[PDB]
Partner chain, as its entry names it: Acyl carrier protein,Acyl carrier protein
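Just one chain is shown here, as C-alpha cells, and it is the form deposited without its partner chain.
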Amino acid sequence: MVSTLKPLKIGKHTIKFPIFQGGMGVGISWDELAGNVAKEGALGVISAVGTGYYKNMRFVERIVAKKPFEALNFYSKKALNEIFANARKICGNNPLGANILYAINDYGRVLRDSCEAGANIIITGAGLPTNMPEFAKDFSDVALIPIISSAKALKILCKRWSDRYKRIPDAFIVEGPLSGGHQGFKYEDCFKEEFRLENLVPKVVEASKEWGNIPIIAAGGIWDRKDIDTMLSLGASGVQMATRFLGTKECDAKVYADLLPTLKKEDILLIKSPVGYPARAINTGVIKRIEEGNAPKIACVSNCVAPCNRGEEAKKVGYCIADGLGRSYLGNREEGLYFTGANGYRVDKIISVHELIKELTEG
C-alpha cells in the first residue's frame, strides 16, 4: 500500500502508478486482465485486435471455417463494446486504454470503435501512426499514444501531427527488442547493443525535450521494480509491461497459465510474421506443426492485416497469424500460436494481478 512511485498524467487522465499493462492479442488482454489491472491503479489496456473471436465468435455476422469473416468481423465493434463494459464492471471509471496496430486499412474504424466503446487512451504501434487525430477528433479527451522504435520516429510524428492537426501526442511508448509480440527492429538488429532499451530511452527523452517533454513510456524486457527504477532514472515517465501480466491468473487467454510455468529459454525465438516484423514466439503449436509438415491450411478469411495482402505473405512465411492466435484463445495447444517477451522463461508461478502490482509498486 505504501509506494514511492508517483501518479502519472496522460493527457486529461491520471493513473495512480506509472505502469501500463501492454496490450496483447489475440484475446490475451481483454476484460478480465485489463479490468483488474485498472482496478489496481495501473493502466489496463484492452486489445482491439481479433475481437471477433471473443466468446467463440459471439459477435460476428459471418463465420467461414470457424473464423470471423473479413475485417468487419475480425475487428468486432459489438465484441469490443462488451469487453469494455465488462472491464468497467471491475475497474469502474478508472482509465483504460485500447491497443490497435496501425497496419490495417480499417484502422480509423477500429480507432473510432475504441473511442465509442469508452477507451480513455488509444495506443498504436506496428507502423508510424501519423494520423491518429484524424479519426479521434469527435472524442477530444481520448489520449493518443504512438509506439515508436527510435527518436527519429518521435520527431517525425510530432512534426506531422503538429503541422496537420495543431496537436502532438499525449505520450510515446518506446519499445525495445526484448519485447513480446512483434519487434520494431530487423532480426539482426534485435541483438545489437545500440538498440537495447537502456540506450533508446535517453535518446527518445532528449528528442522529446524539443516538444515540451511529452512523457516517455519504456517497454520491452522490464521485469521487476529494479528495472522500473532504472527506466525512470533514465528519464522515462513510466513503463509498459506485458510478459509479467501474461503470467497472471486474470489473463484472458487461459492457455498461458499452463504454458509459461514450463517455458524454457531455449524454446523462445524470433520468427517471421505476415505483419512484416519479427515476432517473438514460443516454439510450440503451429510452429511445431509447420516443421512436421502438418501445417494448417491457409486461406484468408479474416483479412486481418494489410501487409499480408489476403494470404500472400502468410503463405510465404507458412502461417496465418489471425488463425493461429484465434486458435490459442480458443484453447488449441496443437495449432495455436503463442507469443512471449524474451523474459517469458522467468515465469515460475502464475500469480494474481493484485499480487503482481504489489510486487512492482511497494516501497
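If you superpose the two forms and keep the largest set of C-alpha atoms that fall within 1.5 Å, you have the rigid core. Residue numbers count along the first chain shown, from 1.
* Asked: So if we fit everything on the core, which stretch drifts more in 9 other deposited structures of this protein, 1-9 or 354-362, C-alphas only?
  -> The more displaced stretch in 9 other deposited structures of this protein turns out to be 1-9.
* Divergent stretch in 9 other deposited structures of this protein, 100-108 or 122-130 [C-alpha RMS, superposed by the core] -> Taking the RMS over all superposed structures in 9 other deposited structures of this protein, 100-108 lies farther out.
* Mean CA B-factor: is it higher for 133-141 or for 149-157? -> Taking the mean B-factor of the alpha carbons in each, 133-141 is higher.
* According to the deposited model, is the average Cα temperature factor higher in 162-170 or in 272-280? -> According to the PDB entry, the answer is 162-170.
* To do: Could you tell me which one of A71, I121, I100, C190 shows the highest CA temperature factor in the PDB record?
  => It is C190.
* Asked: Per the entry, which of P95, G108, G247, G235 tops the list for Cα B factor?
  -> Spelled out: the listed residue with the top C-alpha B-factor is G235.
* Lowest, middle or highest third: where is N86 by Cα B-factor in its chain? -> CA B-factor rank for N86: middle third.
* **Within-chain third of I287 by Cα B-factor, per the entry** => CA B-factor rank for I287: middle third.
* To do: Compare the C-alpha B factor of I217 with those of the other modelled residues in its chain, then answer lowest, middle or highest third.
  => Lowest third, going by the recorded CA B-factors of the chain.
* Asked: By its CA B factor, does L43 count among the lowest, middle or highest third of the modelled residues in the chain?
  -> Lowest third.
* Asked: What third of its chain, lowest, middle or highest, does the C-alpha temperature factor of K66 fall into?
  -> It belongs to the highest third of the chain when residues are ordered by C-alpha B-factor.
Keep in mind that the form deposited with its partner chain bound is not shown, yet the notes after this line are about it.
* Find the only residue in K254, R225, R160, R167 having a heavy atom within 4.5 Å of its partner chain in the entry with it bound. => Contact check passes for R160.
* Would you mind picking the one in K192, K152, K272, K137 that has a heavy atom within 4.5 Å of its partner chain in the entry with it bound? => Comparing distances to its partner chain in the entry with it bound, the residue within 4.5 Å is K152.
* **Exercise: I156 in contact with its partner chain in the entry with it bound, heavy atom 4.5 Å** => Because a heavy atom of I156 falls inside 4.5 Å of its partner chain in the entry with it bound, the answer is yes.
* To do: May I ask you to state whether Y102 is within 4.5 Å of its partner chain in the entry with it bound, using heavy atom distances?
  => Output for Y102 is yes: heavy atoms within 4.5 Å of its partner chain.
* Asked: Taking 4.5 angstroms as the cut-off for heavy atoms, does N131 touch its partner chain in the entry with it bound?
  -> Yes, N131 lies within 4.5 Å of its partner chain in the entry with it bound.
* Which of these stretches, 201-209, 229-237, 123-131, 139-147, has heavy atoms within 4.5 Å of its partner chain in the entry with it bound? -> Correct option: 123-131.
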